[PDB]
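See structure below.
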Amino acid sequence: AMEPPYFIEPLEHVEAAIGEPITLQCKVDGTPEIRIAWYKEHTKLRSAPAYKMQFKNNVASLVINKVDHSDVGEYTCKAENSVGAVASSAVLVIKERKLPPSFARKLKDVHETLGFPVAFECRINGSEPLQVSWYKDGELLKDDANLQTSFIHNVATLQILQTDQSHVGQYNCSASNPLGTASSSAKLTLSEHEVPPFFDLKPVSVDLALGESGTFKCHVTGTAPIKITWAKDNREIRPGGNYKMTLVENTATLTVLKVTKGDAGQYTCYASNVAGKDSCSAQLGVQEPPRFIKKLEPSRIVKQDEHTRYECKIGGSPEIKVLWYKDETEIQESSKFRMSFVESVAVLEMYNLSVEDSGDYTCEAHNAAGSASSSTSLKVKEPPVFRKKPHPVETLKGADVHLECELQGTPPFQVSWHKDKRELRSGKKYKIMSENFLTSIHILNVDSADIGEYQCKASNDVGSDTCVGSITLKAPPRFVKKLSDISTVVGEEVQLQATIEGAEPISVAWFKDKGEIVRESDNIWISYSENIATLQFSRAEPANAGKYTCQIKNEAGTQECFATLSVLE
């Protein structure tokens, strides 16, 4: 400060190896903003692919990326600042070296195979002319039809086209230039040609059916002899049973004779020779028709207007199908005939049952090569129902009374008649009868014991009913108030009256001294209303005096009473 640049370290003479990058340099101090230019005196160097020039710290450096004869000569570095300039020159010169032979790495041993080519090889550095000689044992090797050697760009080789037991042994490779000598040896060994086994033809997985036989068929190639063995489901297959194995000229064949259920699975063939092994695998798929695990129950019975759930258990081969057959006719999927197949469960859920849903039912599942069925027998019945309630019977004694009930439902029925908790059997007194839709009993020659209520129970396999019919006794006619006497003044009104009781079909009769009385309206008006009879006289008079007999008269009997009208004059 403040100066023209200057050299701490100037350019110096350099010896560079050809083909490799050199780096020239010098240190320069001085006033800031120093700029260096490089030269071959008679020329300024410009930067480029070949030249890499820098100036970090106070060191300026030219980097020749690869040295060649053109780079030899005189170089100049010229530092400049606004005050002045310095320049230092030195010379780049080639390292003109001369070296004896030398192997880069030992002659590697070779371990190839009889009857096949082999080649030794190594790199050898050193000044040309380099000579190379190969020796097996102590004999020098020469190129003939089978032995070949090269040596170029510093790489020596030794090739044997078809190798031979004779070639086994140690090989020496010695180089030499007029500067000295190098050498490496290595050994040749040869093995026999073995082709590891492989199956050129793989066997096919088949889906066979129970019984019939089939075959797995594969082919192997490789150096004989190839030992073949089989193994179904990872267990060596041995001769004698359902499996038979043959093999002729490398073609193995495993035949399953009578395909049972237990022949399904993985069949693997195993080949083996001195130099390796292989194996291939097929698959026997045995098809099992559907079989009934949990069948339907033979028959069943259900009430009308109900439901029931038939359910089946089916198994076998994959992709199964259930089809229900009501009397051989396919069963649709409705609210009437429900269905669902899920993991072996064939359900038929029937809602709103009735007499229409009777007869037979078959469950039909089928598959790949099978189809068995389970059939059942339904029977939807009608409960007993006493239609009419037999109007009560009111009868007289000694009479037979026929009592009957109206019946409807599903026959046959279980009819019973009871009176006062006693069961009545068709004896002398009772005559019970039970037909298709008809029930009744005959009570003969009715007495007081029979007066009462009769109870009828009908029932079948599903339901039950109680019918009721009564036997009332028909009451005779009786006088609640027998006629009484009367006596009026002539011209005055009279009313002979009695109050009557009994069975309502009643008939009154008016008499007078045995003479059948009429009802002329000069005064006479004969009647009967609301249980009272009146022989009226709107205007009494002589002759209207004497016996008057009233005779009430229904079906259970007759009774009478008289009364004397006395007309006082």
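Just so we're on the same page: first chain in the structure tokens is A, next is B, and so on; residues restart at 1 for each chain, and ligands are numbered from 1 in the order they show up.
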Q) Which polymer residues have any atom within 10 Å of an atom of segment 426-442 of chain A, counting only C-alpha atoms, with same-chain residues fewer than 4 positions away left out, as a PyMOL selection string? A) chain A and resi 384+386+400-417+446+450+454+456+458
For the selection you just gave me, I'd like the residues written to a file as a CSV table (one decimal), in the first residue's frame, keeping N, CA, C and O atoms.
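So out_0.csv came out as:
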chain,number,residue,atom,x,y,z
A,384,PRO,N,-112.2,-75.6,14.1
A,384,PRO,CA,-113.6,-75.8,14.2
A,384,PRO,C,-114.3,-74.5,14.5
A,384,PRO,O,-113.7,-73.6,15.1
A,386,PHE,N,-118.5,-73.3,15.2
A,386,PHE,CA,-119.9,-73.5,15.3
A,386,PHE,C,-120.6,-72.3,14.6
A,386,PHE,O,-120.7,-71.3,15.2
A,400,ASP,N,-139.5,-86.5,22.1
A,400,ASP,CA,-138.1,-86.5,21.7
A,400,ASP,C,-137.7,-85.2,21.1
A,400,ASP,O,-138.5,-84.6,20.3
A,401,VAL,N,-136.6,-84.7,21.5
A,401,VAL,CA,-136.1,-83.4,21.0
A,401,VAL,C,-134.8,-83.5,20.3
A,401,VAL,O,-133.8,-84.0,20.9
A,402,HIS,N,-134.8,-83.1,19.0
A,402,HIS,CA,-133.6,-83.2,18.2
A,402,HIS,C,-132.8,-81.9,18.3
A,402,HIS,O,-133.3,-80.8,17.8
A,403,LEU,N,-131.7,-81.9,18.9
A,403,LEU,CA,-130.8,-80.7,19.1
A,403,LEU,C,-129.6,-80.8,18.2
A,403,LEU,O,-128.8,-81.8,18.2
A,404,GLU,N,-129.3,-79.8,17.3
A,404,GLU,CA,-128.2,-79.9,16.4
A,404,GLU,C,-127.4,-78.6,16.3
A,404,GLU,O,-127.9,-77.5,16.5
A,405,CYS,N,-126.1,-78.7,15.9
A,405,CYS,CA,-125.2,-77.6,15.7
A,405,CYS,C,-124.7,-77.6,14.3
A,405,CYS,O,-124.5,-78.6,13.6
A,406,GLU,N,-124.4,-76.4,13.8
A,406,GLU,CA,-123.8,-76.2,12.5
A,406,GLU,C,-122.3,-76.1,12.6
A,406,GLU,O,-121.7,-75.3,13.4
A,407,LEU,N,-121.6,-76.9,11.8
A,407,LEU,CA,-120.1,-77.0,11.9
A,407,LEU,C,-119.3,-76.7,10.6
A,407,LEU,O,-119.8,-77.1,9.5
A,408,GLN,N,-118.2,-76.1,10.8
A,408,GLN,CA,-117.4,-75.7,9.6
A,408,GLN,C,-115.9,-75.6,10.0
A,408,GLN,O,-115.6,-75.0,11.1
A,409,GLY,N,-115.0,-76.1,9.2
A,409,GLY,CA,-113.6,-76.1,9.4
A,409,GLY,C,-112.9,-77.2,8.7
A,409,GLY,O,-113.2,-77.5,7.6
A,410,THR,N,-112.0,-77.9,9.4
A,410,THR,CA,-111.2,-79.0,8.7
A,410,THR,C,-111.5,-80.3,9.5
A,410,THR,O,-110.9,-80.6,10.5
A,411,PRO,N,-112.4,-81.1,8.9
A,411,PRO,CA,-112.7,-82.5,9.3
A,411,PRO,C,-111.5,-83.4,9.2
A,411,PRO,O,-110.5,-83.1,8.6
A,412,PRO,N,-111.5,-84.6,9.9
A,412,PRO,CA,-112.6,-85.0,10.9
A,412,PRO,C,-112.5,-84.2,12.2
A,412,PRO,O,-111.4,-83.7,12.5
A,413,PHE,N,-113.6,-84.2,12.9
A,413,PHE,CA,-113.7,-83.4,14.2
A,413,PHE,C,-113.9,-84.3,15.4
A,413,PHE,O,-114.3,-85.5,15.3
A,414,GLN,N,-113.6,-83.8,16.6
A,414,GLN,CA,-113.8,-84.5,17.8
A,414,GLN,C,-114.9,-83.9,18.6
A,414,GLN,O,-114.8,-83.0,19.5
A,415,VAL,N,-116.1,-84.4,18.4
A,415,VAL,CA,-117.4,-83.8,18.9
A,415,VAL,C,-117.7,-84.5,20.3
A,415,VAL,O,-117.8,-85.7,20.4
A,416,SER,N,-118.1,-83.7,21.3
A,416,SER,CA,-118.5,-84.2,22.5
A,416,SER,C,-119.6,-83.4,23.1
A,416,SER,O,-119.7,-82.1,22.9
A,417,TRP,N,-120.6,-84.0,23.6
A,417,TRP,CA,-121.8,-83.4,24.3
A,417,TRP,C,-121.7,-83.7,25.8
A,417,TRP,O,-121.6,-84.8,26.2
A,446,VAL,N,-138.5,-87.0,26.9
A,446,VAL,CA,-138.0,-86.0,27.8
A,446,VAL,C,-138.6,-86.0,29.2
A,446,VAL,O,-139.8,-85.9,29.4
A,450,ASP,N,-133.9,-83.8,32.1
A,450,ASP,CA,-133.4,-83.4,30.8
A,450,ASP,C,-133.5,-81.8,30.7
A,450,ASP,O,-132.7,-81.2,30.0
A,454,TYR,N,-127.3,-77.8,27.5
A,454,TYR,CA,-126.5,-78.7,26.8
A,454,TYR,C,-125.3,-78.1,26.2
A,454,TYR,O,-125.4,-77.0,25.5
A,456,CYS,N,-121.7,-78.3,23.9
A,456,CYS,CA,-121.0,-79.1,22.8
A,456,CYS,C,-119.6,-78.7,22.5
A,456,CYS,O,-119.4,-77.5,22.0
A,458,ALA,N,-116.5,-79.2,20.0
A,458,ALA,CA,-115.9,-79.7,18.8
A,458,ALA,C,-114.4,-79.2,18.7
A,458,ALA,O,-114.1,-78.1,19.2
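Checking A:134, A:199, A:351, A:243 one by one against residue 336 of chain A, counting only C-alpha atoms, you find the shortest gap at A:351.
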List every residue of segment 7-202 of chain A that DSSP, applied to the backbone, labels as strand (DSSP E or B), and write the result as a PDB file with C-alpha atoms, in the first residue's frame.
ATOM      1  CA  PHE A   7       5.278 -11.766  -6.608  1.00  0.00           C
ATOM      2  CA  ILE A   8       5.463 -13.414  -3.219  1.00  0.00           C
ATOM      3  CA  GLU A   9       5.882 -16.700  -5.088  1.00  0.00           C
ATOM      4  CA  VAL A  14       7.238 -27.596 -13.803  1.00  0.00           C
ATOM      5  CA  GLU A  15       7.463 -31.210 -15.020  1.00  0.00           C
ATOM      6  CA  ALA A  16       4.059 -32.560 -16.008  1.00  0.00           C
ATOM      7  CA  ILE A  22      -1.195 -29.987 -14.205  1.00  0.00           C
ATOM      8  CA  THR A  23      -1.605 -26.851 -12.145  1.00  0.00           C
ATOM      9  CA  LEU A  24       0.741 -23.862 -12.358  1.00  0.00           C
ATOM     10  CA  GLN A  25       0.704 -20.979  -9.903  1.00  0.00           C
ATOM     11  CA  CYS A  26       2.217 -17.976  -8.163  1.00  0.00           C
ATOM     12  CA  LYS A  27       1.323 -15.688  -5.264  1.00  0.00           C
ATOM     13  CA  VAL A  28       0.816 -11.995  -5.795  1.00  0.00           C
ATOM     14  CA  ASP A  29       0.310  -9.195  -3.281  1.00  0.00           C
ATOM     15  CA  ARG A  35      -5.780  -8.680 -12.620  1.00  0.00           C
ATOM     16  CA  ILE A  36      -3.758 -11.580 -13.941  1.00  0.00           C
ATOM     17  CA  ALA A  37      -3.295 -12.675 -17.533  1.00  0.00           C
ATOM     18  CA  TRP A  38      -1.533 -15.869 -18.578  1.00  0.00           C
ATOM     19  CA  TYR A  39       0.521 -16.378 -21.735  1.00  0.00           C
ATOM     20  CA  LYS A  44      -2.159 -14.545 -24.224  1.00  0.00           C
ATOM     21  CA  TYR A  51      -7.678 -23.883 -19.427  1.00  0.00           C
ATOM     22  CA  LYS A  52      -9.064 -23.187 -15.986  1.00  0.00           C
ATOM     23  CA  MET A  53      -7.673 -20.019 -14.474  1.00  0.00           C
ATOM     24  CA  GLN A  54      -8.433 -18.702 -10.981  1.00  0.00           C
ATOM     25  CA  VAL A  59      -2.657 -17.090  -5.501  1.00  0.00           C
ATOM     26  CA  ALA A  60      -3.153 -17.161  -9.262  1.00  0.00           C
ATOM     27  CA  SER A  61      -3.429 -20.563 -10.888  1.00  0.00           C
ATOM     28  CA  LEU A  62      -3.608 -21.994 -14.384  1.00  0.00           C
ATOM     29  CA  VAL A  63      -5.161 -25.438 -14.576  1.00  0.00           C
ATOM     30  CA  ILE A  64      -4.305 -27.445 -17.642  1.00  0.00           C
ATOM     31  CA  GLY A  73       6.943 -24.400 -23.451  1.00  0.00           C
ATOM     32  CA  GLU A  74       7.134 -21.015 -21.720  1.00  0.00           C
ATOM     33  CA  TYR A  75       4.340 -19.637 -19.587  1.00  0.00           C
ATOM     34  CA  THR A  76       3.920 -16.107 -18.233  1.00  0.00           C
ATOM     35  CA  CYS A  77       1.700 -14.764 -15.452  1.00  0.00           C
ATOM     36  CA  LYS A  78       1.096 -11.019 -15.527  1.00  0.00           C
ATOM     37  CA  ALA A  79      -0.542  -9.271 -12.577  1.00  0.00           C
ATOM     38  CA  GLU A  80      -1.895  -5.750 -13.115  1.00  0.00           C
ATOM     39  CA  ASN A  81      -3.280  -2.941 -11.006  1.00  0.00           C
ATOM     40  CA  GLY A  84       1.635  -0.988 -12.521  1.00  0.00           C
ATOM     41  CA  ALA A  85       2.327  -4.541 -13.616  1.00  0.00           C
ATOM     42  CA  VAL A  86       4.663  -7.445 -12.944  1.00  0.00           C
ATOM     43  CA  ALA A  87       5.116 -10.643 -14.925  1.00  0.00           C
ATOM     44  CA  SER A  88       6.817 -13.958 -14.142  1.00  0.00           C
ATOM     45  CA  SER A  89       7.630 -16.700 -16.634  1.00  0.00           C
ATOM     46  CA  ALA A  90       8.560 -20.345 -16.165  1.00  0.00           C
ATOM     47  CA  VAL A  91       8.644 -23.502 -18.270  1.00  0.00           C
ATOM     48  CA  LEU A  92       6.377 -26.539 -18.478  1.00  0.00           C
ATOM     49  CA  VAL A  93       8.161 -29.706 -19.528  1.00  0.00           C
ATOM     50  CA  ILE A  94       7.108 -33.317 -20.050  1.00  0.00           C
ATOM     51  CA  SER A 102       4.485 -54.428 -13.949  1.00  0.00           C
ATOM     52  CA  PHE A 103       1.211 -56.342 -13.541  1.00  0.00           C
ATOM     53  CA  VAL A 110      -9.950 -69.371 -13.699  1.00  0.00           C
ATOM     54  CA  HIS A 111     -12.489 -72.074 -12.853  1.00  0.00           C
ATOM     55  CA  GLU A 112     -14.434 -72.999 -15.958  1.00  0.00           C
ATOM     56  CA  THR A 113     -15.958 -76.062 -17.550  1.00  0.00           C
ATOM     57  CA  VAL A 118     -11.604 -70.221 -21.305  1.00  0.00           C
ATOM     58  CA  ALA A 119      -9.482 -67.076 -21.204  1.00  0.00           C
ATOM     59  CA  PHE A 120      -6.778 -65.668 -18.989  1.00  0.00           C
ATOM     60  CA  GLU A 121      -6.164 -61.952 -19.004  1.00  0.00           C
ATOM     61  CA  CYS A 122      -4.189 -59.259 -17.199  1.00  0.00           C
ATOM     62  CA  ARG A 123      -3.045 -55.667 -17.521  1.00  0.00           C
ATOM     63  CA  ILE A 124       0.659 -55.015 -17.842  1.00  0.00           C
ATOM     64  CA  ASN A 125       2.181 -51.518 -17.662  1.00  0.00           C
ATOM     65  CA  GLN A 131       6.987 -58.754 -24.768  1.00  0.00           C
ATOM     66  CA  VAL A 132       4.629 -61.322 -23.265  1.00  0.00           C
ATOM     67  CA  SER A 133       5.068 -65.077 -22.980  1.00  0.00           C
ATOM     68  CA  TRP A 134       2.647 -67.584 -21.465  1.00  0.00           C
ATOM     69  CA  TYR A 135       3.860 -70.873 -19.930  1.00  0.00           C
ATOM     70  CA  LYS A 136       1.934 -73.884 -18.687  1.00  0.00           C
ATOM     71  CA  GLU A 139       6.733 -75.196 -21.367  1.00  0.00           C
ATOM     72  CA  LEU A 140       6.226 -72.098 -23.502  1.00  0.00           C
ATOM     73  CA  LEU A 147      -4.727 -71.639 -28.169  1.00  0.00           C
ATOM     74  CA  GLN A 148      -5.029 -67.896 -28.791  1.00  0.00           C
ATOM     75  CA  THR A 149      -3.114 -64.988 -27.290  1.00  0.00           C
ATOM     76  CA  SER A 150      -3.318 -61.222 -27.750  1.00  0.00           C
ATOM     77  CA  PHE A 151      -1.615 -58.194 -26.247  1.00  0.00           C
ATOM     78  CA  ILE A 152      -2.750 -54.674 -27.091  1.00  0.00           C
ATOM     79  CA  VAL A 155      -3.885 -55.921 -22.055  1.00  0.00           C
ATOM     80  CA  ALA A 156      -2.636 -59.501 -22.515  1.00  0.00           C
ATOM     81  CA  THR A 157      -5.018 -62.443 -22.949  1.00  0.00           C
ATOM     82  CA  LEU A 158      -4.791 -66.212 -23.393  1.00  0.00           C
ATOM     83  CA  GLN A 159      -7.830 -67.999 -24.797  1.00  0.00           C
ATOM     84  CA  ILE A 160      -8.508 -71.730 -25.135  1.00  0.00           C
ATOM     85  CA  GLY A 169      -2.846 -76.680 -14.302  1.00  0.00           C
ATOM     86  CA  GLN A 170      -0.797 -73.565 -13.634  1.00  0.00           C
ATOM     87  CA  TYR A 171      -0.193 -70.896 -16.238  1.00  0.00           C
ATOM     88  CA  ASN A 172       2.570 -68.327 -16.110  1.00  0.00           C
ATOM     89  CA  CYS A 173       2.413 -64.935 -17.723  1.00  0.00           C
ATOM     90  CA  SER A 174       5.714 -63.063 -17.862  1.00  0.00           C
ATOM     91  CA  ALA A 175       6.262 -59.673 -19.483  1.00  0.00           C
ATOM     92  CA  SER A 176       9.562 -58.016 -20.331  1.00  0.00           C
ATOM     93  CA  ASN A 177      10.895 -54.754 -21.690  1.00  0.00           C
ATOM     94  CA  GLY A 180      13.254 -55.257 -16.503  1.00  0.00           C
ATOM     95  CA  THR A 181      10.734 -58.007 -15.861  1.00  0.00           C
ATOM     96  CA  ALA A 182       7.386 -58.901 -14.347  1.00  0.00           C
ATOM     97  CA  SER A 183       5.352 -62.061 -13.880  1.00  0.00           C
ATOM     98  CA  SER A 184       2.160 -63.532 -12.488  1.00  0.00           C
ATOM     99  CA  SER A 185       0.756 -67.049 -12.493  1.00  0.00           C
ATOM    100  CA  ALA A 186      -2.650 -68.525 -11.920  1.00  0.00           C
ATOM    101  CA  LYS A 187      -4.388 -71.857 -12.260  1.00  0.00           C
ATOM    102  CA  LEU A 188      -6.930 -73.419 -14.538  1.00  0.00           C
ATOM    103  CA  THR A 189      -9.456 -75.935 -13.251  1.00  0.00           C
ATOM    104  CA  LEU A 190     -12.317 -77.547 -15.155  1.00  0.00           C
ATOM    105  CA  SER A 191     -15.623 -79.078 -14.065  1.00  0.00           C
ATOM    106  CA  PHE A 198     -36.017 -77.867 -15.231  1.00  0.00           C
ATOM    107  CA  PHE A 199     -39.489 -78.892 -16.354  1.00  0.00           C
ATOM    108  CA  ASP A 200     -39.850 -77.951 -20.010  1.00  0.00           C
ATOM    109  CA  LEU A 201     -43.502 -79.041 -19.824  1.00  0.00           C
TER     110      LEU A 201
END
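For the residues A:257, A:217, A:226, A:263, ranking by smallest atom-to-atom distance to residue 240 of chain A using only C-alpha atoms places A:257 first.
The residue that comes closest to residue 316 of chain A, out of A:266, A:344, A:523, A:529 and on the basis of only C-alpha atoms, is A:344.
Compared by their closest atoms to residue 229 of chain A, and using only C-alpha atoms, the residues A:42, A:277, A:389, A:202 rank with A:277 nearest.
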If we count only C-alpha atoms, what is near segment 506-513 of chain A at a cut-off of 6 Å, once residues fewer than 4 positions away on the same chain are taken out, given as number ranges by chain?
A: 517, 547-554
For residue 538 of chain A, find every residue with an atom within 9 Å (counting only C-alpha atoms), except residues of its own chain fewer than 4 positions away, and show them as an mmCIF file with N, CA and C atoms, in the first residue's frame.
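Result saved to out_35.cif:
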data_model
loop_
_atom_site.group_PDB
_atom_site.id
_atom_site.type_symbol
_atom_site.label_atom_id
_atom_site.label_comp_id
_atom_site.auth_asym_id
_atom_site.auth_seq_id
_atom_site.Cartn_x
_atom_site.Cartn_y
_atom_site.Cartn_z
ATOM 1 N N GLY A 491 -179.361 -54.132 32.359
ATOM 2 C CA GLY A 491 -178.969 -53.002 31.534
ATOM 3 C C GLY A 491 -177.554 -52.519 31.810
ATOM 4 N N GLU A 492 -176.994 -52.959 32.937
ATOM 5 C CA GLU A 492 -175.641 -52.583 33.360
ATOM 6 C C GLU A 492 -174.551 -53.476 32.757
ATOM 7 N N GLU A 493 -173.306 -53.012 32.832
ATOM 8 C CA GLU A 493 -172.182 -53.708 32.210
ATOM 9 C C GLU A 493 -171.514 -54.716 33.140
ATOM 10 N N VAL A 494 -171.077 -55.831 32.557
ATOM 11 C CA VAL A 494 -170.405 -56.896 33.293
ATOM 12 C C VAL A 494 -169.125 -57.305 32.565
ATOM 13 N N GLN A 495 -168.099 -57.683 33.323
ATOM 14 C CA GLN A 495 -166.863 -58.194 32.736
ATOM 15 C C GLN A 495 -166.303 -59.376 33.512
ATOM 16 N N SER A 521 -172.310 -58.497 19.040
ATOM 17 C CA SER A 521 -172.117 -57.229 19.736
ATOM 18 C C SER A 521 -173.419 -56.546 20.153
ATOM 19 N N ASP A 522 -174.362 -57.319 20.683
ATOM 20 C CA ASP A 522 -175.514 -56.737 21.361
ATOM 21 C C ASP A 522 -175.037 -56.354 22.755
ATOM 22 N N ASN A 523 -173.916 -56.959 23.136
ATOM 23 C CA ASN A 523 -173.287 -56.752 24.432
ATOM 24 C C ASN A 523 -172.035 -57.621 24.592
ATOM 25 N N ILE A 524 -172.015 -58.759 23.897
ATOM 26 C CA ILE A 524 -170.931 -59.735 24.033
ATOM 27 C C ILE A 524 -169.673 -59.393 23.234
ATOM 28 N N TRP A 525 -168.538 -59.367 23.930
ATOM 29 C CA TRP A 525 -167.228 -59.177 23.310
ATOM 30 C C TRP A 525 -166.176 -60.056 23.993
#
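Note that atom CA of residue 371 of chain A and atom CA of residue 215 of chain A are 26.8 Å apart.
Between residue 464 of chain A and the residues A:356, A:249, A:569, A:382, the shortest atom-to-atom distance, using only C-alpha atoms, involves A:382.
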As an mmCIF file with C-alpha atoms, in the first residue's frame, please: the residues near residue 322 of chain A (cut-off 8 Å, only C-alpha atoms, same-chain neighbours under 4 positions excluded).
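Wrote out_36.cif, looks like this:
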data_model
loop_
_atom_site.group_PDB
_atom_site.id
_atom_site.type_symbol
_atom_site.label_atom_id
_atom_site.label_comp_id
_atom_site.auth_asym_id
_atom_site.auth_seq_id
_atom_site.Cartn_x
_atom_site.Cartn_y
_atom_site.Cartn_z
ATOM 1 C CA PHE A 341 -79.737 -68.939 0.703
ATOM 2 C CA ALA A 346 -82.025 -72.785 2.510
ATOM 3 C CA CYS A 363 -86.245 -78.370 -1.863
ATOM 4 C CA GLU A 364 -84.007 -78.625 -4.951
ATOM 5 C CA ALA A 365 -80.347 -77.596 -4.749
ATOM 6 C CA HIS A 366 -78.031 -78.302 -7.720
#
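Pairwise distance (atom CA of residue 392 of chain A, atom CA of residue 459 of chain A) equals 22.6 Å.
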Give me, as an mmCIF file with N, CA and C atoms, in the first residue's frame, all polymer residues having an atom no more than 7 Å from residue 451 of chain A, counting only C-alpha atoms and skipping those fewer than 4 positions away in the same chain.
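Result saved to result-v6.cif:
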data_model
loop_
_atom_site.group_PDB
_atom_site.id
_atom_site.type_symbol
_atom_site.label_atom_id
_atom_site.label_comp_id
_atom_site.auth_asym_id
_atom_site.auth_seq_id
_atom_site.Cartn_x
_atom_site.Cartn_y
_atom_site.Cartn_z
ATOM 1 N N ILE A 471 -132.784 -76.720 26.722
ATOM 2 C CA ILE A 471 -134.074 -77.394 26.690
ATOM 3 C C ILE A 471 -134.976 -76.854 27.796
ATOM 4 N N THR A 472 -135.864 -75.931 27.445
ATOM 5 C CA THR A 472 -136.834 -75.413 28.405
ATOM 6 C C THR A 472 -138.143 -76.196 28.327
ATOM 7 N N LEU A 473 -138.821 -76.333 29.460
ATOM 8 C CA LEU A 473 -140.087 -77.050 29.483
ATOM 9 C C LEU A 473 -141.250 -76.103 29.189
#
* Surrounding residues of residue 500 of chain A excluding itself and chain neighbours under 4 positions, 10 Å, only C-alpha atoms, as number ranges by chain -> A: 477-482, 504, 506, 508, 528-533, 552
Report task. Taking the DSSP assignment computed from this structure's backbone, write out as a PyMOL selection string all residues of segment 97-272 of chain A that belong to helix (DSSP H, G or I). Result -> chain A and resi 165-167+261-263
